[PDB]
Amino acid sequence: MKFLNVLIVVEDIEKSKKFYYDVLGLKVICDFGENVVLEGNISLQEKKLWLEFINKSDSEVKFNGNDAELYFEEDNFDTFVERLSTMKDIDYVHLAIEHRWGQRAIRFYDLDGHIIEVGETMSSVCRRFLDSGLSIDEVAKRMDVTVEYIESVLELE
């Protein structure tokens, strides 16, 4: 038992590939035509074909259920967010939020109602805290996590 791929169903493979490339900078790493795999092992699957695979009528496949999300982290968070703001027809789920543990993140939909969240890298949230004057033990408490955790994220930035 090994988890390998998250598959998302899309209406149009070429448009989604473009959306993920223009917006997230995600490129293809494997192509089967009707099923393409993006960096991170995110598989895009064409709907019509999908219907045959799982044997469900077109009515049995709903989108925008808001029941899951693809989660990403970006080193240059601000620049990404601000580039995202210059773009048109970006369907945001909500305004940019700040998680309980200090991490800024934004959430928007792809072309098919699938939620994408991209937030600051955890290691950068820590460093932000460590520079405002907090001790490492304090930071660990501030974020409801152990000092072990913080040290593993720090030596990876």
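Don't overthink the numbering: it's just position in the shown sequence, from 1.
Which is higher on mean Cα B factor in this entry, 131 to 139 or 18 to 26?
It is 131 to 139.
Return whichever of 102 to 110 and 86 to 94 has the greater mean Cα B factor according to the PDB record.
Stretch with the higher mean C-alpha B-factor: 86 to 94.
Could you tell me which one of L156, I8, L4, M1 shows the highest CA temperature factor in the PDB record?
The record points to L156.
Quick check for you: using the entry's CA B-factors within this chain, is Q45 in the lowest, middle or highest third?
For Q45, whose C-alpha B-factor we compare with every modelled residue in the chain, the answer is the middle third.
Looking at the entry's B-factor column for C-alpha atoms only, identify whether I116 ranks in the lowest, middle or highest third of its chain.
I116: CA B-factor falls in the lowest third of its chain.
CA B-factor placement of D67, once the chain's modelled residues are sorted into thirds:
Ranked within chain, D67 CA B lands in the lowest tercile.
Thinking about Cα B factors across the chain, which third does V36 belong to?
Tercile = lowest for this residue's CA B-factor.
Name the third of the chain's ranked CA B-factors that contains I54, choosing lowest, middle or highest.
It belongs to the highest third of the chain when residues are ordered by C-alpha B-factor.
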